[PDB]
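Written below as structure tokens is the structure these notes are about.
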There are 2 protein chains.
Amino acid sequence: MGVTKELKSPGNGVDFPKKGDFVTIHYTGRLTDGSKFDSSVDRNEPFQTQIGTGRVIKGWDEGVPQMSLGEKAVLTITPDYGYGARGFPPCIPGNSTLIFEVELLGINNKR
Amino acid sequence: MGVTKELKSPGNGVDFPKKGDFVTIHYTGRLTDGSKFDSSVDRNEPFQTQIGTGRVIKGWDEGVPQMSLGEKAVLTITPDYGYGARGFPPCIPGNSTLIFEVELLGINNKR
């Protein structure tokens with residue numbers, strides 16, 4: 001598909017994020033070539049966002065809710081579920097695949 | 001000091017960019033961790049700009065002019081002559097040294 005999760009470390013396996021849930025994550029995204037383009041880990045500023053509401057790239061919206069609380073996975077997002085052909089210039093060229101390490105630290109009030 | 005050059009390949013050793021010149025070049029930028037953050041070279045869209053007048057980061061304003069027409073060098077630019085404390089979000093963290101591969105394709109009307 002447009003997004004695929006490799007599971008790297010298992011979450012709790014019951015608590016998954018449904019739509020409109022307020023997700024809290026740490027991540028690091030690279031390009032296929034290996035360049036780190038953004039990392040909430042490096043900034044020690046854990047990213048919070050609402051989920052099924054399209055405030056983040058489709059690959060994220062669609063891919064995160066399949067992680068349970070505490071899970072550590074990797075998201076592979078095709079340009080089509082990413083920043084499209086346009087991209088996010090200097091950082092993310094157009095038609096860029098994305099590889100995010102992702103850690104789910106909380107769903108709404110949960111941690 | 002602030003920017004350091006490393007001539008990789010010699011230009012014509014006659015034609016140097018003086019201030020207020022319009023330069024044409026082909027560049028690749030990387031963080032100290034090997035991550036490429038921008039590259040006219042990959043876009044195949046050679047960047048053009050005026051040099052002494054602060055329409056690029058200072059590291060360039062002061063490096064590019066040390067190069068002659070045709071030269072390939074490597075600029076090393078401290079955060080201080082770069083993006084400084086703020087950096088450039090997503091791609092370029094705060095307080096980041098930069099390493100630009102640079103090719104001086106043209107000075108005003110020369111190639």
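To be explicit about the labels: the chains of the structure tokens are called A, B, and onward in the order shown, and within each one the residues are counted from 1, while ligands get numbers from 1 in the order they are shown.
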
request  = List every residue of segment 28-70 of chain B that DSSP, applied to the backbone of this structure, places in alpha helix (DSSP H), and write the result as a PyMOL selection string.
outcome  = chain B and resi 40-43+58-63

What would the file look like if the residues just selected were written as an mmCIF file, in the first residue's frame with N, CA, C and O atoms?
```cif
data_model
loop_
_atom_site.group_PDB
_atom_site.id
_atom_site.type_symbol
_atom_site.label_atom_id
_atom_site.label_comp_id
_atom_site.auth_asym_id
_atom_site.auth_seq_id
_atom_site.Cartn_x
_atom_site.Cartn_y
_atom_site.Cartn_z
ATOM 1 N N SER B 40 20.986 21.811 -5.476
ATOM 2 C CA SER B 40 20.648 22.236 -6.825
ATOM 3 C C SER B 40 21.057 21.143 -7.798
ATOM 4 O O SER B 40 20.402 20.924 -8.814
ATOM 5 N N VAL B 41 22.138 20.444 -7.463
ATOM 6 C CA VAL B 41 22.700 19.422 -8.345
ATOM 7 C C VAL B 41 21.715 18.291 -8.631
ATOM 8 O O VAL B 41 21.593 17.836 -9.765
ATOM 9 N N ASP B 42 21.000 17.848 -7.609
ATOM 10 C CA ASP B 42 20.046 16.783 -7.808
ATOM 11 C C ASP B 42 18.820 17.244 -8.583
ATOM 12 O O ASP B 42 18.206 16.458 -9.302
ATOM 13 N N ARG B 43 18.467 18.515 -8.444
ATOM 14 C CA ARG B 43 17.327 19.063 -9.158
ATOM 15 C C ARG B 43 17.683 19.349 -10.614
ATOM 16 O O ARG B 43 16.798 19.592 -11.441
ATOM 17 N N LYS B 58 25.998 34.045 4.924
ATOM 18 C CA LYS B 58 27.276 34.738 4.896
ATOM 19 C C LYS B 58 28.407 33.812 4.499
ATOM 20 O O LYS B 58 29.330 34.223 3.797
ATOM 21 N N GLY B 59 28.355 32.571 4.967
ATOM 22 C CA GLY B 59 29.359 31.601 4.578
ATOM 23 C C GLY B 59 29.629 31.637 3.083
ATOM 24 O O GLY B 59 30.782 31.593 2.658
ATOM 25 N N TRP B 60 28.566 31.715 2.285
ATOM 26 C CA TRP B 60 28.686 31.870 0.835
ATOM 27 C C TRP B 60 29.204 33.247 0.419
ATOM 28 O O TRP B 60 30.168 33.351 -0.347
ATOM 29 N N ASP B 61 28.544 34.299 0.902
ATOM 30 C CA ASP B 61 28.958 35.646 0.580
ATOM 31 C C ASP B 61 30.474 35.713 0.656
ATOM 32 O O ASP B 61 31.092 36.427 -0.112
ATOM 33 N N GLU B 62 31.075 34.981 1.590
ATOM 34 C CA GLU B 62 32.541 35.017 1.776
ATOM 35 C C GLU B 62 33.357 33.838 1.210
ATOM 36 O O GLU B 62 34.577 33.907 1.131
ATOM 37 N N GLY B 63 32.701 32.752 0.835
ATOM 38 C CA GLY B 63 33.431 31.621 0.296
ATOM 39 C C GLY B 63 33.491 31.684 -1.211
ATOM 40 O O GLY B 63 34.566 31.676 -1.824
#
```

Tell me the residues of chain A close to chain B, meaning within 10 Å using only C-alpha atoms, as a short mmCIF file (atom, residue, chain, number, x, y, z; two decimals) with N, CA and C atoms, in the first residue's frame.
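Generated output (iface-v6.cif):
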```cif
data_model
loop_
_atom_site.label_atom_id
_atom_site.label_comp_id
_atom_site.auth_asym_id
_atom_site.auth_seq_id
_atom_site.Cartn_x
_atom_site.Cartn_y
_atom_site.Cartn_z
N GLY A 29 12.51 10.88 10.77
CA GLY A 29 12.24 10.55 9.39
C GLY A 29 13.48 10.72 8.54
N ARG A 30 13.72 9.75 7.67
CA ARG A 30 14.80 9.82 6.68
C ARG A 30 14.31 9.62 5.25
N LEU A 31 15.19 9.91 4.30
CA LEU A 31 14.89 9.66 2.91
C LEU A 31 15.49 8.31 2.62
N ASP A 33 17.71 7.52 0.73
CA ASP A 33 19.17 7.64 0.65
C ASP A 33 19.87 7.65 2.01
N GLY A 34 19.09 7.93 3.07
CA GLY A 34 19.55 7.85 4.45
C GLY A 34 19.58 9.18 5.21
N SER A 35 19.19 10.26 4.54
CA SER A 35 19.28 11.58 5.17
C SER A 35 18.13 11.83 6.14
N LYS A 36 18.50 12.18 7.37
CA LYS A 36 17.54 12.50 8.40
C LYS A 36 16.93 13.85 8.09
N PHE A 37 15.65 13.88 7.74
CA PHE A 37 14.99 15.15 7.46
C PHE A 37 14.19 15.82 8.59
N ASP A 38 13.89 15.08 9.65
CA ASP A 38 13.16 15.63 10.80
C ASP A 38 13.14 14.62 11.94
N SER A 39 13.39 15.07 13.16
CA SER A 39 13.41 14.17 14.32
C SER A 39 12.98 14.83 15.62
N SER A 40 11.81 14.41 16.12
CA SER A 40 11.29 14.90 17.38
C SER A 40 12.19 14.42 18.50
N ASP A 42 15.64 14.17 18.50
CA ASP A 42 16.74 15.10 18.62
C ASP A 42 16.38 16.40 19.36
N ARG A 43 15.14 16.85 19.19
CA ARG A 43 14.69 18.11 19.77
C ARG A 43 14.07 17.92 21.14
N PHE A 88 8.36 19.12 -0.01
CA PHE A 88 8.49 20.21 0.96
C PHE A 88 9.89 20.78 0.80
N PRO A 89 10.06 21.66 -0.19
CA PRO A 89 11.41 22.04 -0.63
C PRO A 89 12.27 22.53 0.54
N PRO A 90 13.57 22.26 0.45
CA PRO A 90 15.01 21.97 0.36
C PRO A 90 15.06 20.57 0.88
N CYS A 91 14.45 20.42 2.05
CA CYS A 91 14.39 19.17 2.82
C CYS A 91 13.93 17.94 2.01
N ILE A 92 12.65 17.93 1.65
CA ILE A 92 12.03 16.80 0.99
C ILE A 92 11.75 17.05 -0.47
N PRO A 93 12.62 16.53 -1.32
CA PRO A 93 12.36 16.56 -2.76
C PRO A 93 10.96 16.02 -3.10
N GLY A 94 10.51 16.32 -4.31
CA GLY A 94 9.24 15.79 -4.74
C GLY A 94 9.38 14.29 -4.93
#
```

key: Point-to-point distance in Å for atom CA of residue 64 of chain B and atom CA of residue 47 of chain B   = 12.6 Å

remark   = Separating atom CA of residue 53 of chain B from atom CA of residue 109 of chain B, to the nearest tenth of an Å, is a gap of 18.3 Å

query = With only C-alpha atoms as the atoms that count, which of A:84, A:79, A:70, A:52 lies nearest to residue 99 of chain A?
reply = A:79

task = Taking the DSSP assignment computed from this structure's backbone, write out as a VMD selection string all residues of chain B that belong to strand (DSSP E or B).
result = chain B and resid 3 to 4 9 22 to 31 36 to 39 47 to 50 72 to 77 88 92 98 to 107 110

Those selected residues, please, written with N, CA, C and O atoms and delivered as a compact mmCIF listing (two decimals), in the first residue's frame.
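Full text of out_39.txt as output:
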```txt
# COMPACT_ATOMS: atom_id res chain seq x y z
N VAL B 3 34.09 30.68 7.56
CA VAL B 3 34.03 29.69 6.49
C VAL B 3 35.44 29.26 6.02
O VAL B 3 36.34 30.09 5.89
N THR B 4 35.63 27.96 5.80
CA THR B 4 36.89 27.45 5.28
C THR B 4 36.70 26.73 3.93
O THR B 4 35.73 25.99 3.72
N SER B 9 38.89 20.96 -7.18
CA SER B 9 39.28 21.09 -8.57
C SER B 9 39.44 22.57 -9.00
O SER B 9 38.59 23.42 -8.72
N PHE B 22 26.94 38.81 -10.06
CA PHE B 22 25.92 37.78 -10.10
C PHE B 22 26.59 36.49 -10.49
O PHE B 22 27.12 36.33 -11.58
N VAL B 23 26.57 35.57 -9.54
CA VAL B 23 27.18 34.28 -9.72
C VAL B 23 26.16 33.20 -10.11
O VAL B 23 24.95 33.31 -9.83
N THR B 24 26.66 32.17 -10.79
CA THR B 24 25.87 31.00 -11.16
C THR B 24 26.59 29.74 -10.70
O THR B 24 27.74 29.50 -11.06
N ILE B 25 25.93 28.92 -9.88
CA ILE B 25 26.63 27.76 -9.33
C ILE B 25 25.77 26.52 -9.15
O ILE B 25 24.54 26.56 -9.24
N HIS B 26 26.43 25.41 -8.83
CA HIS B 26 25.76 24.13 -8.65
C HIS B 26 26.28 23.56 -7.36
O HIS B 26 27.47 23.30 -7.24
N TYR B 27 25.38 23.38 -6.40
CA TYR B 27 25.78 23.07 -5.03
C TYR B 27 25.02 21.90 -4.41
O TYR B 27 23.89 21.57 -4.81
N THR B 28 25.66 21.30 -3.42
CA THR B 28 25.04 20.30 -2.57
C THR B 28 25.36 20.61 -1.09
O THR B 28 26.51 20.83 -0.71
N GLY B 29 24.33 20.65 -0.25
CA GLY B 29 24.53 20.90 1.17
C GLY B 29 24.29 19.68 2.03
O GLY B 29 23.32 18.94 1.83
N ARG B 30 25.18 19.48 3.01
CA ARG B 30 25.06 18.41 3.99
C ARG B 30 25.39 18.84 5.43
O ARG B 30 26.29 19.63 5.66
N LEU B 31 24.64 18.29 6.38
CA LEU B 31 24.95 18.41 7.80
C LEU B 31 26.19 17.61 8.17
O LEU B 31 26.71 16.83 7.37
N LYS B 36 22.09 15.13 3.54
CA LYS B 36 22.02 16.15 2.52
C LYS B 36 20.74 16.93 2.79
O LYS B 36 19.67 16.32 2.89
N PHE B 37 20.82 18.25 2.93
CA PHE B 37 19.61 19.07 3.16
C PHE B 37 19.06 19.88 1.98
O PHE B 37 17.92 20.31 2.01
N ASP B 38 19.89 20.11 0.96
CA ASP B 38 19.46 20.81 -0.24
C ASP B 38 20.52 20.55 -1.29
O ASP B 38 21.68 20.42 -0.93
N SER B 39 20.14 20.46 -2.57
CA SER B 39 21.13 20.23 -3.65
C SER B 39 20.65 20.60 -5.04
O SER B 39 20.02 19.79 -5.73
N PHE B 47 21.71 27.15 -9.41
CA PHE B 47 21.30 28.33 -8.64
C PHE B 47 22.08 29.59 -9.00
O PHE B 47 23.31 29.58 -9.13
N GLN B 48 21.36 30.70 -9.14
CA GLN B 48 22.00 31.97 -9.50
C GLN B 48 21.69 33.01 -8.45
O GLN B 48 20.60 33.02 -7.90
N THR B 49 22.64 33.90 -8.16
CA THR B 49 22.41 34.88 -7.11
C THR B 49 23.50 35.93 -7.13
O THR B 49 24.56 35.72 -7.71
N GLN B 50 23.24 37.07 -6.48
CA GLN B 50 24.26 38.10 -6.29
C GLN B 50 25.03 37.80 -5.01
O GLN B 50 24.46 37.31 -4.03
N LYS B 72 35.81 23.73 -8.36
CA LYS B 72 35.08 22.89 -7.41
C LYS B 72 35.77 22.92 -6.04
O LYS B 72 36.93 22.53 -5.91
N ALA B 73 35.07 23.38 -5.01
CA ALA B 73 35.68 23.34 -3.69
C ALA B 73 34.66 22.82 -2.70
O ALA B 73 33.58 22.36 -3.09
N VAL B 74 35.03 22.89 -1.43
CA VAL B 74 34.15 22.47 -0.34
C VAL B 74 34.18 23.51 0.76
O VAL B 74 35.20 23.71 1.44
N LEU B 75 33.04 24.15 0.93
CA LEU B 75 32.84 25.12 2.00
C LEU B 75 32.42 24.48 3.35
O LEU B 75 31.46 23.71 3.44
N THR B 76 33.18 24.82 4.39
CA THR B 76 32.78 24.49 5.76
C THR B 76 32.40 25.72 6.61
O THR B 76 33.22 26.60 6.93
N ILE B 77 31.13 25.78 6.96
CA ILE B 77 30.55 27.01 7.46
C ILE B 77 29.95 26.76 8.83
O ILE B 77 29.05 25.94 9.00
N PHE B 88 17.09 26.18 10.42
CA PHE B 88 16.01 26.19 9.44
C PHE B 88 15.16 24.95 9.61
O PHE B 88 15.47 23.91 9.04
N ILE B 92 17.24 21.74 8.87
CA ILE B 92 18.46 22.24 9.51
C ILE B 92 18.26 22.65 10.97
O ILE B 92 17.71 23.71 11.28
N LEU B 98 27.62 23.48 8.48
CA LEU B 98 27.16 23.09 7.14
C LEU B 98 28.33 22.77 6.24
O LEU B 98 29.37 23.41 6.31
N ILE B 99 28.17 21.78 5.37
CA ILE B 99 29.22 21.44 4.42
C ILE B 99 28.71 21.39 2.98
O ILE B 99 28.16 20.36 2.55
N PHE B 100 28.93 22.49 2.26
CA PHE B 100 28.54 22.68 0.85
C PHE B 100 29.60 22.27 -0.18
O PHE B 100 30.70 22.83 -0.23
N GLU B 101 29.26 21.28 -1.01
CA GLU B 101 29.98 21.00 -2.22
C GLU B 101 29.59 22.12 -3.16
O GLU B 101 28.40 22.38 -3.35
N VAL B 102 30.57 22.80 -3.75
CA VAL B 102 30.26 23.93 -4.62
C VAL B 102 30.97 23.98 -5.98
O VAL B 102 32.19 23.76 -6.06
N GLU B 103 30.22 24.30 -7.03
CA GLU B 103 30.80 24.49 -8.35
C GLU B 103 30.47 25.84 -8.98
O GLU B 103 29.31 26.16 -9.24
N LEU B 104 31.51 26.61 -9.24
CA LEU B 104 31.35 27.97 -9.73
C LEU B 104 31.21 27.96 -11.24
O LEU B 104 32.18 28.15 -11.96
N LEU B 105 29.99 27.75 -11.72
CA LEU B 105 29.73 27.67 -13.15
C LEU B 105 29.87 29.00 -13.90
O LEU B 105 30.33 29.02 -15.04
N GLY B 106 29.45 30.11 -13.28
CA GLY B 106 29.53 31.40 -13.94
C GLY B 106 29.58 32.69 -13.12
O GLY B 106 28.93 32.82 -12.07
N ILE B 107 30.34 33.66 -13.62
CA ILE B 107 30.39 34.97 -13.00
C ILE B 107 29.84 36.04 -13.94
O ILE B 107 30.45 36.35 -14.96
N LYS B 110 30.00 35.02 -17.75
CA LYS B 110 31.09 34.07 -18.07
C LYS B 110 30.83 32.63 -17.61
O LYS B 110 30.13 32.41 -16.62
```

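Of note, atom CA of residue 80 of chain A and atom CA of residue 108 of chain A are spaced 28.3 Å apart.
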